[PDB]
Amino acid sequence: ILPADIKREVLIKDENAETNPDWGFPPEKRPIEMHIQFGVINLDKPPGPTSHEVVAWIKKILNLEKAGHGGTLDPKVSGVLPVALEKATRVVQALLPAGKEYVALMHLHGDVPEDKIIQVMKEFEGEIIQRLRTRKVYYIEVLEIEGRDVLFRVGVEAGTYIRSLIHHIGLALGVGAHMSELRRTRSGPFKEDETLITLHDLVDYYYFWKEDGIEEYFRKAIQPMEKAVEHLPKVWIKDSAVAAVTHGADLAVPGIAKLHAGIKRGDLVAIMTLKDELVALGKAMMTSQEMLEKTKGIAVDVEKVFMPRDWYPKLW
């Protein structure tokens, strides 16, 4: 369990608001070219390359020009590397803060009883400090122990170094320790699921689409950028507000249809249409209870606009 896993109440502000089907393009309605411009790949990085090379490759193979990955994985490490294509690139800034999960293989340098190990690992749940900063360990689970090998799952605040963590466990046990194997299993909303795709599948799916004429598997290779923001608090806006916020208009109360409860001032919120398209990313200027009771005022400072300006009419 990480913080993003909290269930959110949805408060309804305008019960009567519906959406016009002829404006915008809900994710599963985007022509495949357009599906890529706003696409996010949930990539399973291989052992060997740096996160940056992997991203250069993808850019070369799929003939893109923009693409940035989320939290950097080290060369030796594998697993969940979210990769944001083209106009979806910036959504990554919303992944960078969210929590991570790893499965790690710690190898001890001395002999320690299984009970000491586990008992001691589970001291580290809580706060930790690594060289000079203070990160968080959400949970530690010891899967299995073969003599000096300890396989365990760990859940952390972003920016936490597992290598370093393992070292501190080595020291707490006294005999010392080192990381012999690391795999990231979750980064924010990206988990190991049917969307998690290898480079071989991805480039193959690409060629089935480009050279065979079958766009199907490649479409499954790419997720809508809305995905990258699933773990964020949301406020859904009426069509009449959508072109205005895509123009840098900040979102006032009267544009709200529906929001998540629990939003606090300063929080980072996704701004969605009722078709569940991601319009913009922004920062609350009101809590959730304020946005609801109120009827006029700025509810969200719009800071990053993803939705193109021509998808919805300028209803002002």
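In this text, the rigid core denotes the largest set of C-alpha atoms whose superposition between the two forms falls within 1.5 Å. When you see a residue number, it is the position in the sequence shown, counting from 1.
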Next on the checklist: If the other structures are each fit on the rigid core, which stretch ends up farther away in C-alpha terms in 7 other deposited structures of this protein, 132 to 140 or 209 to 217?
Outcome noted: 132 to 140
Item to check | Stretch farther from the shown model on average in 7 other deposited structures of this protein, with CA RMS computed after core superposition (122 to 130, 87 to 95) | outcome: 122 to 130
Checklist entry - Does the entry skip any residues of the deposited sequence between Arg131 and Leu132, and if so, is it 1 to 3, 4 to 9, or 10 or more, or none at all? => result 10 or more
Item to check | 261 to 269 versus 39 to 47 - greater average Cα B-factor per the deposited record | outcome: 261 to 269
Checklist entry - Mean C-alpha B-factor higher for 22 to 30, or for 278 to 286? => result 22 to 30
Next on the checklist: Ranking every modelled residue in this chain by its Cα temperature factor as given in the entry, which third contains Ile256?
Outcome noted: middle
Item to check | For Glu125, the third of its chain into which the C-alpha B factor falls | outcome: highest
Checklist entry - Among the modelled residues of its chain, does the C-alpha B-factor of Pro113 lie in the lowest, middle or highest third? => result middle
Item to check | Chain thirds of CA B-factor: placement of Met291 | outcome: highest
Checklist entry - Within this chain, which third does the Cα B-factor at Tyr207 fall in: lowest, middle or highest? => result middle
